[PDB]
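Taking the form deposited in one PDB entry, here's one chain by itself in structure tokens.
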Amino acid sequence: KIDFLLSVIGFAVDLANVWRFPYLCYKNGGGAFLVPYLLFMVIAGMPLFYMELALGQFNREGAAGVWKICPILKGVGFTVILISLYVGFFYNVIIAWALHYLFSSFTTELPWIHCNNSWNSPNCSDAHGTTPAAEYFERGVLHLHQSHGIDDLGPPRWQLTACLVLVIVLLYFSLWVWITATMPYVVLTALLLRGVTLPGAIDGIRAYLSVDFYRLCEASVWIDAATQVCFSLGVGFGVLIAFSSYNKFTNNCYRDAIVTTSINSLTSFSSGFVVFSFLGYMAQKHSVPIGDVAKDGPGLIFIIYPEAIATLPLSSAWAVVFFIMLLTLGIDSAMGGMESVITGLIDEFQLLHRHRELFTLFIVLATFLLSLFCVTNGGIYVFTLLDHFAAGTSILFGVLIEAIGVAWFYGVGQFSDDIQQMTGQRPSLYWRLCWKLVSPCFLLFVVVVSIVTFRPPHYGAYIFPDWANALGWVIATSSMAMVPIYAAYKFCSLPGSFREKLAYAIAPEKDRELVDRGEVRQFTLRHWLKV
């Protein structure tokens, strides 16, 4: 009842709809990003959500223990864990920035209002060049002007290192909801009501709701939309399976999938609406076009929202409340992502059941030491590289392998009966077709297009060198290469001839009685042709 609805709210809003979605909408065409996003959502965001929810609820294992249905494909369980670790590495930095801004908001005069300060260049325009908020961010919080690229980083900054330490301590002691869940909705509604009334908001709304029919012919908005759907829904991170492994057996995993995706899409739409409504007003007030008012990067919202707060009556209170909300949202997301990895590695190995605090300490210390790279002078370059290369092709490859392993090796007709065991009904033809044919081919197309059509990352005008791209590709392939290695190890470890090795490697562990009598279900084509 109310506990069910309060659980949907927690999954409906996260840091991926407030921080990344508007920045990806602005980077691509305004309104040309909403067509691939909605198409990919409808096609392969509900089937995958349903699949992971049901798999976790039925097999009662975190991330790699659910692969008793196909022992040879356990490498995706480690791939998703590596992806989660990589994501958390740069996920901590956003919380550090939010803490910095929250501490800086306790003033009678906000520091990002005018440019008379010591961190301002002559190229600053006051309501007329660079805006005071972007200059304040870059040259007072990041100190980006002292870095000459990714090959020249410098020592870490002592102001942001303290925030990172505080975030790490809080996360560890939280890992070892009535107020925390309904605060972002109130804040976003208030911001939307404010931004609707601003003089130049209609132009931004029109640019947001207009679809450009020439930006859809480029193979970048599709990849961005697919990766953003994966980021927002949590598919491909190992989080949904781990969360659902604790749910009741006779739980309706279909209604949850139907409702959570709808509410998530509505929240994403509202966030983009607010951001573009403020962008239009800024562009009108600065006498510049909408596309030439900011840079495409993870500095949006951090540049926009302070300027929106500055126009409210008592701006200090609004700023404090907004940054507290952002801090809580980021903490929740990071703690969930880290708990996924911790529980997966605890379930996998047996010695660690006597190493709980001494394992969480190791994980958080490694995360802190790896996040220390992004608090240097040139940390935004490392942030951009990580954001481009940690997920994307690797996460889509992992999702494709998971879908293939569940729908072709185990069997969609057996998955349906497993669902019908816990819930009184079984999936219809639409769900089975989407699981078996529609989703895998689209995922394969997106993966192939992403690999063949490579676009180097950039931050405004800086173009990354060759070795940066090589290191990024190594980082991306490190998690992807976990499937063939485990497959080869599993094949070589099992005893018997080739046929017996294959039979024990592809058949489920609950079918050993049938396999021992020469009754392998995967040695006939009726099993592979059945939808």
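The numbering used is simple: start at 1 and walk along the sequence shown. Here, rigid core means the biggest group of C-alpha atoms that superpose within 1.5 Å across both forms.
Form deposited in another entry: not shown, discussed below.
Core-superposed comparison between this form and the one not shown: the C-alpha position of residue 185 differs by no less than 2 Å. Core-superposed comparison between this form and the one not shown: CA of residue 105 displaced by less than 2 Å. Fitting the two forms on the rigid core leaves the C-alpha of residue 372 displaced by under 2 angstroms between this form and the one not shown. Relative to this form, the distance between the C-alpha atoms of residue 220 and residue 81 is increased by at least 3 angstroms in the other entry. Note on residue 387 and residue 216: their C-alpha atoms are more widely spaced in the other entry, a change of at least 3 Å from this conformation.
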